[PDB]
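# Report on the structure
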Amino acid sequence: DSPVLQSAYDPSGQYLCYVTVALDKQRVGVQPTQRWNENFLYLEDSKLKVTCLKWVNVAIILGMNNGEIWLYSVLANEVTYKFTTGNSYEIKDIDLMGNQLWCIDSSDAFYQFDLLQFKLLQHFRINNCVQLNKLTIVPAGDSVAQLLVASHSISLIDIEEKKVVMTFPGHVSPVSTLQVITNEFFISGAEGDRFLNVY
Amino acid sequence: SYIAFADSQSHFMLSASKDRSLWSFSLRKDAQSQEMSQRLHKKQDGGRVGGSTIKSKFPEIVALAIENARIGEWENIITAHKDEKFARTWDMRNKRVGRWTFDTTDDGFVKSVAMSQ
Amino acid sequence: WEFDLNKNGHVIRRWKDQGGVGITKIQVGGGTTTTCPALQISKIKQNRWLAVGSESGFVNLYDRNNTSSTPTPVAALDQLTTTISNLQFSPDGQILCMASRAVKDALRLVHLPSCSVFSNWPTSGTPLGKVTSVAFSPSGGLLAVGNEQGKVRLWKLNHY
Amino acid sequence: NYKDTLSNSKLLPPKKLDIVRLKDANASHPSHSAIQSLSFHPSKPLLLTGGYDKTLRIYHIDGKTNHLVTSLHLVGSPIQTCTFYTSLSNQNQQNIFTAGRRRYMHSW
Amino acid sequence: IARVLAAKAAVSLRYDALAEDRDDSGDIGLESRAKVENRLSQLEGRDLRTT
Amino acid sequence: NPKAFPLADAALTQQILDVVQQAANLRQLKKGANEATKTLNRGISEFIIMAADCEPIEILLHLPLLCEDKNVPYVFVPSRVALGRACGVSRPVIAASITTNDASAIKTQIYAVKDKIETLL
Amino acid sequence: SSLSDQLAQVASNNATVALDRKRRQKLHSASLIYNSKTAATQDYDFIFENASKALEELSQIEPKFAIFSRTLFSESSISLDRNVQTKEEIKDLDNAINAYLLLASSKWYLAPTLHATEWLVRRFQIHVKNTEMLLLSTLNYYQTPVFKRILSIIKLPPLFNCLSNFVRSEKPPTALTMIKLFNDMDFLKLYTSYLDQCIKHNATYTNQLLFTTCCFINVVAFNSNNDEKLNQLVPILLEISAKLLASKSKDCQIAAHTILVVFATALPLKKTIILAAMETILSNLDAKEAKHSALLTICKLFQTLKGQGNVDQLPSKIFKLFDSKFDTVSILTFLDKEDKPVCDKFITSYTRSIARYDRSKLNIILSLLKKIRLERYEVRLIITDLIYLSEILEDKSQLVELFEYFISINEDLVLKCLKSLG
Amino acid sequence: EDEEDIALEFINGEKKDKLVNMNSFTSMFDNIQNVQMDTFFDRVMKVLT
RNA sequence: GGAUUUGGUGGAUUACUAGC
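Residues numbered from 1 in each chain as written, not as in the entry; some residues may be left out. Chains lettered and ligands numbered in written order. Part of a larger assembly, values for the part shown. Heavy atoms only, no water. Residues with missing side-chain atoms left out of burial classes, pairs and counts.

For this entry, the PDB record names cryo-EM as the structure determination method and reports a resolution of 4.74 Å.

### A few points about the overall build of chain F
Counting its secondary structure elements, chain F contains five helices and four strands. Secondary structure elements in chain F, listed N-terminal to C-terminal, are α-β-α-β-α-β-α-β-α. Relative to the globule expectation of 14 Å for 121 residues, the C-alpha radius of gyration of chain F, 13 Å, shows essentially globular dimensions. Seen along its three principal axes, the alpha-carbon backbone of chain F occupies a region of about 35 × 30 × 25 Å. (Helix = DSSP H or I, 4+ residues; strand = E, 2+ residues; numbered from the N terminus. Rg over C-alpha atoms; globule rule 2.2 N^0.38 Å.)

### Brief notes about the overall build of chain G
Secondary structure assignment for chain G yields 23 helices and zero strands. Based on the C-alpha atoms only, the size of chain G along its principal axes is roughly 95 × 50 × 40 Å. In chain G, the proportion of contacts linking residues at least 24 apart, taken out of those at least 6 apart, comes to 71%. (Contact = heavy atoms within 4.5 Å.)

### As for the pairing of strand β9 (residues 91–97) of chain A
All names here are of chain A. Sheet topology places β9 next to strand β10 (residues 100–105); six bridges connect them, and they run antiparallel. For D93, the partnering residue across the bridge sits in β10 and is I104. Hairpin remark: β9 followed by β10, antiparallel, with two residues in the connecting loop; positive phi at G98, about 60 degrees. (Pairing = 2+ DSSP bridges.)

### Things to note about the interface of chain C and chain D
Listed as interface residues are 25 residues of chain C and, on the opposing side, 24 residues of chain D. Looking at which element gives the most residues to the side of chain C that touches chain D, the answer is strand β13 (residues 152–157) of chain C, with six residues. Grouping the constituent residues of the side of chain C that touches chain D by class yields ten nonpolar, twelve polar and three charged. Bridge count for β13 of chain C against strand β1 (residues 19–22) of chain D is four bridges, and the pairing is antiparallel. From the neighbouring strand, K156 of chain C faces β1 of chain D, where its bridge partner is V20 of chain D. (Nonpolar A, V, L, I, M, F, W, Y, C, P; charged D, E, K, R; others polar.)

### Describing unusual backbone geometry
That bond from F5 of chain F to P6 of chain F is cis: its omega, -5 degrees, falls within 30 degrees of zero. Note that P6 of chain F resides in the segment before α1 (10–25). Following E55 of chain F, the chain continues into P56 of chain F via a peptide bond in cis, with omega recorded as -5 degrees. With respect to the secondary-structure elements, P56 of chain F resides in the loop between β2 (45–51) and α3 (62–69). Even without being a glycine, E184 of chain A presents a positive backbone phi close to 45 degrees. Mapped onto the secondary structure, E184 of chain A falls in the loop between β17 (175–177) and β18 (187–190).

### What about the arrangement of the chains?
The protein chains that touch form eight pairs of chains, and the pair with the most contacts between them is chains C and D. Considering only C-alpha positions, the minimal separation of the non-contacting chain B and chain D is 9 Å. Spatially, chain C and chain G are disjoint, and the shortest separation between their C-alpha atoms is 10 Å.

### So, helix α22 (residues 397–408) of chain G
Over its twelve residues, α22 of chain G extends 16 Å from the first C-alpha to the last, a length consistent with the 16 Å expected when each residue adds 1.5 Å. Immediately downstream of α22 of chain G, the backbone of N410 of chain G shows phi near 55 degrees, a positive value. (Expected span 1.5 Å × (residues − 1).)

### Quick look at the packing of helix α13 (residues 227–246) of chain G against helix α14 (residues 250–266) of chain G
Residues and elements named next belong to chain G. The contact between α13 and α14 brings their axes to 7 Å, and the two run at 150 degrees. One way to sum up the angle between α13 and α14 is to call them roughly antiparallel. By crossing handedness, the relation of α13 to α14 is classed as left-handed. Taking contact as the criterion, the partners of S241, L244 and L245 in α13 are, on α14, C252, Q253 and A256. Among the residues making up the contact of α13 with α14, the classes are represented as four nonpolar, two polar and no charged. (Axes fitted to C-alpha atoms, helices over the stretch in contact; angles between N-to-C directions. Parallel < 35°, antiparallel > 145°, perpendicular 65-115°, else oblique. Left-handed = near helix turned anticlockwise from the far one by under 90°.)

### As for the sheet that holds β17 of chain A
Pairing is antiparallel across the open sheet formed by three strands, whose spatial order is β17-β18-β19 (chain A). Sheet topology places β17 and β19 (197–198) of chain A at the edges, where each strand pairs with a single neighbour.

### Observations concerning the pairing of strand β3 (residues 25–32) of chain A
Residues and elements named next belong to chain A. By the bridge criterion, eight bridges tie strand β2 (residues 15–22) to β3 in an arrangement that is antiparallel. Residue pairing in the sheet places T20 in a bridge with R27 of β3. Direction of pairing for β3 relative to strand β4 (residues 41–42): antiparallel, over a ladder of two bridges. Bridge assignment links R27 to a residue of β4, and that residue is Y42.

### Things to note about the packing of helix α4 (residues 44–61) of chain G against helix α7 (residues 111–124) of chain G
Residue and element names in this part refer to chain G. Their axes nearest at 8 Å, the elements α4 and α7 cross at an angle of 135 degrees. Taken together, the axis directions place α4 and α7 in an arrangement best described as oblique. Between α4 and α7 lies a crossing whose hand is left-handed. Between α4, through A51, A54, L55 and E57, and α7, the contact on the second element is made entirely by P112, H115, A116 and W119. Of the residues that constitute the contact of α4 with α7, the class distribution is six nonpolar, one polar and one charged.

### Overview of the sheet that holds strand β9 (residues 107–111) of chain C
Residue and element names in this part refer to chain C. Here we have four strands laid out as an open sheet, ordered β7-β8-β9-β10, and antiparallel in their pairing. Every other strand in the sheet has two partners, leaving β7 (86–89) and β10 (116–117) as the edge strands with one partner each. Taken together, the five bridges between strand β8 (residues 95–99) and β9 define a ladder with antiparallel strand orientation. If you follow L96 over to β9, its bridge partner there is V110.

Encoded structure:
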């Protein structure tokens, strides 16, 4: 294993944000990849843990086990605002386009958020999705008309029609990465697997 | 996660799942199906076993091997566990964990388990 | 002996450990100390506890908040039968750990202020060996114990 | 349930102790002598070990990996005791003091 | 109780015999009598036979 | 504690316990008043030690009276708990005794201490 | 099951059928006055003659016994056999026997009861049929010479198996085995009904209660180490006290008070249970002696509290009840006595309770604080609320004086509270 | 200042109490008879204290 | 926390088509 629990480059690739455990408390730090920062956000609760980390174009969205989402400004070294869903289930994945923000809970519940308005727009659950370890929203135009979900297999869902569109045969193990390389071509990877499927 | 045929006949099956469980399932009659126990035998040396006081179920079985040439005389089974450096034994007749634990001795995870006839 | 280092180390108080003989170590707890150093002046706090080790294994506890030439000990712990080699209090001063390097697993945790030794832990199977060093995290309730075999074993107190 | 949730209470139970073992600090880099002294950093998540191996081994205790930050061997300087130090006024100042059965002491 | 009583008897006696200013009250005997009665009560309370 | 007499000063109380703890290590030490009383009956006791803080003190005040009769040195120490821990036991002790053993490895010290005790007497 | 096992069940069912001479010798031989040989020599009427006189002496001591002369100790009861009756008739007979044992519970020391009960044993065979009822009445007499005789002539039920050793034994049942019988969960359920019947009937007496509370307490001590079984002792044993507190007899109320205190120290419990506990404690609190015992208890129940709100104010209804049953002058007298127990957090909850609800009572708070040293947090929180009062309430000579008292003692902490609040 | 200072202050303020063991109320059976129950409760408190 | 012994019950010890 590695000390770094989770890490993520910024879209420009010039800064890397990483989380590590100090004693029993997780600390979040950012470093300049291109070239030291001694400042880390310290999670005051041992129970609290980061499940998801996402850069924003200049805050990083951190989903916790607690069931709430954290918008963190690196310079102020403080969390600007706290997105909290009604439930307490841990957030499993997070994705963004501009103001749009979509997250998933251990209850398999979808939620839509607006960064500008600071509001929960909608929440719903689609049948035939027992587990959901990955959320990815397809880059179509400037609006989110479809979303890709995978737990062990992969499923495509429509937001307005709120039902699945197409299902792919995924890996035996849980899906770990679900990036969309191009249009009609997205890569999939799973925990403890040597193989990546292009679908 | 894994399945195996216990005997030359179709009487008893060996099954493992992600719930950290190994079961004996009988096609012939459901009532015959039973779950093997994970109560550990007392070691021969006489020292205390090293493990958590809270009883926890053994990790998932990636691989399993069966033989019946020597059923009833000692352990006839090997299983491999995820992210784990030794192999545990089972006795189909006793339906209980064996008294032998088998290590790779090279700081590597177990990936393959096999039996001589 | 009590010396005031801010007044040229002049003796300010003298008293004897009741039943004291073959004393080995002394420690204070409940405030700032080497194990629980402060980060600023305002954080400075006084220790409310004091333990006195001995070769016999007796550990006499004294309530510092409550002065006499002869103070009575609140409790006289005697679970360990060997010389006390490590005496240390939790950063909050709620727990006292007494250890001896003479015999194996000679480690005991004492609840304060009850002065009652915990029973569930340590156990026969708890690996401690020749205990020779003990450390408490300033925060997080982590415990490190070193042995003559060079192994430092770590534990976490779920209360903290 | 007639038992109070101990999570809310900051006073630990008198007789029952809730403790869990974690990975050993010295597993990453074993020590060839006993552990004479141990010390936790006032702020940082670091552990120091010293002994008659004459080596000052420092470990980053995370509880899961506990990798070794750095090591310092002091030839002819047995380590009977070692400790961290931070100036109470200057938080930036950090120093390490180690000593043994010698008429000298080392500061780092 | 014979062993225990004899031990307390010596304690009471050495007070009776040698005390320079003994009060004729028997207080040391009374408190000693209390201890042995407590010793008897717990001792007789024990039952060898399994219940 | 006027009855306890002579009572060793602070200085002497170190050495008396120092011989006691070693004599315990060599199984040369008898602890308890009656056992000390028993030793005096045989005249095998080099000298007797007593705790002045015992209450009621009279229970040990019979030991001196034998020692004068048998010409045995005796002394009082202030603290009983110190005596008991010095003896090497988990209980307070009021009285202790040392055998006459000229072959003991701690021999010279025992003669040394009583030379002060007789001097203190 | 083997034929013998089913056959054995038949034997137990027809134990009192009085089948032949050999059985009838055993049934009649059982006695509480006379030995076996003489007992077999006697007839029913001679037994009835003595019992009838025995009841009359009891009637003089206590009138309620005279009722049983009409139903159990009647002349025509001699011809009444239980084996011939139907179930509807038996329960009515049983119920009458149940009541008689309750009244006889407190007069076992008196000789006439032992003679009067002989008729019940000989005529209706209470010892074999109403075996449990008889023992539950005579448990506190375990060391008495009567009790050992009970064991000899009777077959222990399953729950009383601990006493099997001492049946027909020279030594009486020892103190320890009483605890062992009580440790069993089922027996407490059985006795729970028995004490429940006495409370309804006002038949309880001091020897029972003091024997119960003192056995019930010992169950806690034996079972202190293991938390889970203590948790099982809460749904039953606390229910006992609530019933005892409901009894108008002061004897029962204090008996409950001894029970509550030991549980809390043994097992920390919710403030909600504690707040409910005092409220029931205070609901039926009339006697002076219980009033003294209750106030000690109420402090202890808070002494065990070690959670947020440990010193928070009592609720409004809770505050009103306490002052009505304990005037302020009463607690001042409570605070005056030097041997007072620790009540720092109870008083702290009280001072805040006064602070929130009563404007007149502030000047007593000053006296209350002087009498008892409050711990520095209890001081801090009291300082904290009093700061709000100044902002909200009009400034008063007492109110500033309460500040001035805090000015005199620990000046720095007063500024700290002011610094944090204003 | 900080809240955790207040918390640690609360911790240090708390003081010891005499815990109840198995053999604390066993002698109660000994003096069990012809005793006023108020005295019984007072003596139970004594043992508790 | 470890070890020894033991009581009881549950499922099989015959190939799974409903009860009375």
